[PDB]
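Asks:
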Amino acid sequence: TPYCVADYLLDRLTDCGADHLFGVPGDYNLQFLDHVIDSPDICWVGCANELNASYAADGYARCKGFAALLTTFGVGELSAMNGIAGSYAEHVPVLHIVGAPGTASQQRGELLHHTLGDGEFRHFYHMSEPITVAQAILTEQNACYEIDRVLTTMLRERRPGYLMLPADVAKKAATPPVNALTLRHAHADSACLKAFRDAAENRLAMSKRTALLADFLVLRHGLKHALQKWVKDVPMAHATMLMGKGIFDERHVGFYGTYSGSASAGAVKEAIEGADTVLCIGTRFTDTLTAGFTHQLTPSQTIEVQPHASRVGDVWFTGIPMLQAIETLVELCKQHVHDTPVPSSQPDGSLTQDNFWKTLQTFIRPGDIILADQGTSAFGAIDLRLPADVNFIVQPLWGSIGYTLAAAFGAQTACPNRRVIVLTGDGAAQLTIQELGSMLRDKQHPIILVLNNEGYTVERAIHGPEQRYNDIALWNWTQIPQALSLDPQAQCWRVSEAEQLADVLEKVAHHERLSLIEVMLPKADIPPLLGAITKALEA
Amino acid sequence: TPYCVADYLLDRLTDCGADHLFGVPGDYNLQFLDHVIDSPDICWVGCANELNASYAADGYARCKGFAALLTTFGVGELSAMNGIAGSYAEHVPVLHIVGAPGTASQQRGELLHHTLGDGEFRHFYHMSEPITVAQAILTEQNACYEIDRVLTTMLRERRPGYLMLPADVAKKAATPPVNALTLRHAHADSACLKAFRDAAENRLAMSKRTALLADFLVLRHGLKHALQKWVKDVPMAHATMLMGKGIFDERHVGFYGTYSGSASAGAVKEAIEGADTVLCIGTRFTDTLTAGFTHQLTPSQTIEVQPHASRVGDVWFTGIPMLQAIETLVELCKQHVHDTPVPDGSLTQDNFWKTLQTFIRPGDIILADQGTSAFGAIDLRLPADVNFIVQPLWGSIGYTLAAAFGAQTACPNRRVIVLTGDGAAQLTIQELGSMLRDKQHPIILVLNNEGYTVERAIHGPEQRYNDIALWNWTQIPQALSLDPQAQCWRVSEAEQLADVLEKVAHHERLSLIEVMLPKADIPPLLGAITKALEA
Ligand SMILES: CC1=C(CCOP(=O)(O)OP(=O)(O)O)S/C(=C(/O)Cc2ccccc2)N1Cc1cnc(C)nc1N
Ligand SMILES: CC1=C(CCOP(=O)(O)OP(=O)(O)O)S/C(=C(/O)Cc2ccccc2)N1Cc1cnc(C)nc1N
Ligand SMILES: [Mg+2]
Ligand SMILES: [Mg+2]
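Line by line, the protein sequences are chains B and A.
Going left to right, the first sequence walks through residues 3 to 347, 355 to 548 as the entry's author numbering numbers them.
Going left to right, the second sequence walks through residues 3 to 345, 357 to 548 as the entry's author numbering numbers them.
#1: Express the C-alpha separation of residue 54 of chain A and residue 387 of chain A in angstroms, rounding to a whole number.
#2: Chain A beta carbons: is any one of them nearer than 8 Å to that of residue 100 of chain B?
#3: Is residue 409 of chain B close to ligand 1? I mean its beta-carbon at under 7 Å from any heavy atom of the ligand.
#4: Mind pulling the chain B residues with CB within less than 7 Å of residue 113 of chain A?
#5: Which residues, in chain order, does the segment 433 to 447 of chain B contribute to contact with chain A at a C-beta distance below 7 Å?
#6: Whose Cβ in chain A lies nearer than 7 Å to the Cβ of residue 90 of chain B?
#7: What residues from chain B crowd round residue 421 of chain A, counting only those whose CB sits closer than 9 Å?
#8: Going by Cα to Cα distance, which pick from B:527, B:477 and B:198 is closest to residue 317 of chain B?
#9: Answer with yes or no whether the minimum CB distance from residue 137 of chain A to chain B is below 8 Å.
#10: Chain B beta carbons: is any one of them nearer than 8 Å to that of residue 57 of chain A?
#11: If residue 520 of chain B and residue 454 of chain B are in contact, beta carbons under 8 Å, what's the gap, nearest whole angstrom?
#12: Could you check which residue in B:436, B:67, B:47 and B:262 has the C-alpha nearest to that of residue 478 of chain A?
#13: Looking at C-beta atoms only, is the number of pairs between the segment 509 to 519 of chain A and the segment 64 to 75 of chain B that lie closer than 8 Å three or more?
#14: Return the Cβ separation of residue 283 of chain B and residue 216 of chain B in integer angstroms, given the expectation that the two are a contact with Cβ distance under 8 Å.
#15: Given a limit of 7 Å on CB to CB distance, which residues of the segment 215 to 233 of chain B reach chain A?
#16: Indicate whether at least one CB of chain A lies closer than 8 Å to the CB of residue 542 of chain B.
#17: With respect to 7 Å, is the separation between the Cβ of residue 115 of chain B and the closest non-hydrogen atom of ligand 2 below this value?
#18: What three-state label does DSSP hand residue 49 of chain A in the structure shown?
#19: Give me the chain A residues within the contact set of residue 471 of chain B, using Cβ-Cβ distance strictly less than 7 Å, ordered along the chain.
#20: Do you know how far the Cα of residue 336 of chain A is from the Cα of residue 285 of chain A?
#21: Under 8 Å, Cβ to Cβ, is there at least one residue of chain A near residue 62 of chain B?
#22: Pull the bridge partners of residue 166 of chain A from the DSSP assignment, please.
#23: Would residue 394 of chain A count as contacting chain B if we go by Cβ distances under 8 Å?
#24: Judging by CA-CA distance, which residue of B:303, B:29, B:534 and B:204 is the nearest neighbour of residue 213 of chain B?
#25: Residue 462 of chain B: which of B:360, B:538, B:228 and B:449 sits nearest, CA to CA?
#26: Tell me the DSSP secondary structure of residue 372 of chain B in three-state form.
#27: Among B:421, B:297 and B:248, which residue has its Cα nearest to the Cα of residue 22 of chain B?
#28: Candidates B:222, B:414 and B:372: which alpha carbon is nearest residue 63 of chain B's?
#29: Can you tell me whether DSSP reads residue 93 of chain B as helix, strand or coil?
#30: Secondary structure at residue 239 of chain B, three-state DSSP: helix, strand or coil?
#31: Return yes when the Cβ of residue 231 of chain A is within less than 8 Å of the Cβ of residue 33 of chain A, no when it is not.
#32: Is the beta carbon of residue 441 of chain B within less than 7 Å of some heavy atom of ligand 3?
#33: With a threshold of 16 other CB atoms inside 10 Å of the CB of residue 281 of chain B, please say whether the residue is buried or exposed.
#34: So what does residue 456 of chain A bridge to, in DSSP terms?
#35: Taking residue 407 of chain B and residue 169 of chain B to be in contact with their CB atoms under 8 Å, please state how far apart those CB atoms are, rounded to whole angstroms.
#36: Heavy atom of ligand 1 less than 7 Å from the Cβ of residue 444 of chain A, yes or no?
Pasting the structure below:
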């Protein structure tokens, strides 16, 4: 077994932070899979389908900073395309490796399985172009430097890449690299950085009260600790939006709640929208994050930092790495922001939205990985007051229901020793249910809370509440582990009272087995954030 | 509720033969969905996810000749793209309707949910271009004629189409048409037809024995009855390949078995490959259908008919509808009509398919997935009026279970038999909940050999990447339904399987039969497909 292109790719995977490879086998990638199995550094994780595999890689990358997905030509890669699209939309670096027919077969235009029957082998490569920052068709003549180019581009942009790996190319001789693949930190031209610094200082020097709004690009580019240390060294009002929730210890002084435009709590609206200057760090003001674009933040009121450019008022400064922009603003805030922010300011009976999130509030602990799906789950979890060291995974920009259950399998794989809490609606869990079987096969011990209100009630709040299209098949949730496993190491409960939920949670606190809690909720009940976003449109 | 573009689309859809709409709702398509629900002519079928919905629409179209899928912008449409791709590969006319944000929101480049966060709203429309024969972004200024163009092209090519329907556009005023949407049958230029006819006649006139090989394009273009009457009027050796199986009543004189190249039975190879002239009607010699391209048929041996062109020997004649080409060859064959077609205990692959052989009946809809299922079902000798649905060109496992939901939706009064491996059924399992919700009564046979066993035959039989999570198959219906009313068996002996099949013969409930089979057991064609490739 001489070292070959397959091994070089796998060595580069580990360089990038991936210790696992998710996917589904097929004849076009089996021989590559032999190298994954034999590899001492990469562990193959077979998933129940390719869409779930791509979701799981996404959740994995949100825990480890990088992930990789393996599918087979045509039927595999096209099944995973919604996952890669979501990773592109939310800036998640997942590498899509596609095992493909050998080059000679492709050159001959053979009528092969997993093609459109036209002799064409590049349709699917081209269809992946809009949802990747870099891609390559690997050949004997380009393999190792195209592998390095694509991965390096993914590390810089924190976004998916694509590699088509014909089976014959994977076997071609290669040489183990001596140095690990690392992305050299870019540096702005010092005069260009100076221009942004002076403009930022001039604005901050005249600001009576300055607030800090950080969001998900902070997480993606490895800058969480920089922003926590920022607000510890320079106390001031700070918040995230829904996407970046978990950047901050939300018990710390200066944090008043998550910002969601006009849907924000009063203290948040005053802390953020009331400031003369708001530093927007890695922010994207989406419809869901801003309660239908009802945020009140003007250009002259704001300084914003993006991955490659920063803005002060109306002026953009391009070619500035987000790290240097943040370092500059931290120094300037230390100079001009001198504030002591005002400190921030049991449930029983039938389960409601209100007492559910109140009960869950008392249960979460540092170290938790919390994932919530679109619907009442994510928009109720926004009100959770996260303690330190919480990884909060939500997908509100792409917004694909079913992501959460499969992403939790990936996240638990990345962090076997952390407690994983899955908040999914009954509708959302149906789309990716088969993964739960992957969790049980692998003896994972997540806490899965299925918010069962018997249908799609987000939509009901949006439109046609009694329309039959918002109904679903009613499942027997507590019987699913025993159906998707011959011997599940799981325990299931069905709860309808707040105190039953409290007792159950208490019992599974140390997550010795997989837990599935079917949470009985009213059909029309919606969390406060939804009530303002259902109203957000239609004019 | 004035008649609007949403209604015009629905009226045209039913014109094309679809009485159902599969999909998953989302805020960008809810208002369109109101028109689907209120319409007396189209029935909404909510599916458990968009990939399954696209699979089900595909199966529906293989029964009714047309189908439609509704998804939401971005997350919905991209989840269904493998389904539409398979429909394109195997020439299945599925219309993909995508409910989209209003045009004003799109023109402003808003940071909307289900976008890539860049303000761009045409990425996904463009990614669907290679897997559709026609597509359109519907506007207030083009709506009705783009709907007619796209649907007309689907009818012509029997392939998927795509329409993006912004929410505001759906609500725009429209007028009910007085005529249904129809595709006028194309006619070749008479000189062009004569050239083909002459060449075909001169070649057939010198044939001592002529054989007929028809496949799936016959099914897609509605020519099944034409092919059956052809071989009834002109008896001769005939066969299909795997994709088109079910074109013929396989008990008829002249039929000796399904053609699969060098993997064919000896009598099939002699009947087909031994004839001096072989009529190849709607055939595509894919790797799976020909045992790794080991078919022995020369250009001078063959006359071939494709949708828009036909070939005699080395000469192609383009611009001839396959309907006219078939009618021409039928008449010519009538002019040269000569020769008359002449004449346990433990479950194994062998005794399983023999047991299933005695069970199938006219009227069955039989679906088989890639793996031992499809490569064993090829040896079934089908009776009359059987719809045999297999996907060997695209080859996406999981297709079969979800397609069975669509096929049963199309034909509630026909018996549906699902042949799926344990591995394949895991990819689309949730759709079983849809069958249970809709009170469907298919017979689902899960071939449980505890892993991906076709892969085991290809490469790495002992490698753990060919293993799967072991499910408790007979317990799944009671998990995906509060009142499944389903009949489940686990069988390990041929005689238990025979007994169980008698009990579910009239399919009064949904049945799930978990068939325990050996891990290394391979049906005859699979052993021959993975011996042409192992080289
Ligand atoms: C079906 C659906 C929801 C049912 C939840 O059902 P469920 O799990 O039961 O939750 P809930 O009943 O507690 O509310 S939400 C939803 C959203 O686009 C969420 C949203 C709505 C308005 C504004 C922003 C986001 N879709 C659409 C949708 C469809 N297909 C896929 C792959 N992805 C989606 N997202
Ligand atoms: C995983 C797999 C099989 C396991 C069956 O497991 P199972 O259901 O259990 O069947 P069985 O063999 O054990 O009876 S087959 C298979 C093929 O590409 C089939 C084939 C290969 C070569 C030539 C012709 C066909 N793949 C690959 C594959 C992966 N992902 C998707 C969406 N689709 C696929 N197709
Ligand atoms: Mg619900
Ligand atoms: Mg199997």
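All C-beta atoms, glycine included, are put in the ideal place defined by N, C-alpha and C.
Replies: Checking against the coordinates, here is how it stands:
#1: 19 Å
#2: Not closer than 8 Å to any Cβ of chain A, the Cβ of residue 100 of chain B fails to qualify, so no.
#3: yes
#4: 286, 287, 288 and 289, listed in chain order.
#5: 439, 440, 442, 443, 446 and 447
#6: 118
#7: Going along chain B, no residue has its Cβ under 9 Å from residue 421 of chain A, so there is no contact; the nearest lies around 15 Å.
#8: B:198
#9: It does not: the Cβ of residue 137 of chain A has no partner Cβ on chain B nearer than 8 Å.
#10: no
#11: 4 Å
#12: B:47
#13: no
#14: 4 Å
#15: none
#16: no
#17: yes
#18: coil
#19: 29 and 32
#20: 22 Å
#21: no
#22: A:100 and A:139
#23: no
#24: B:303
#25: Cα-wise, what sits closest to residue 462 of chain B is B:360.
#26: helix
#27: B:421
#28: B:222
#29: coil
#30: coil
#31: no
#32: no
#33: buried
#34: A:430 and A:524
#35: Contact flag wrong, Cβ pair sits at about 32 Å.
#36: no
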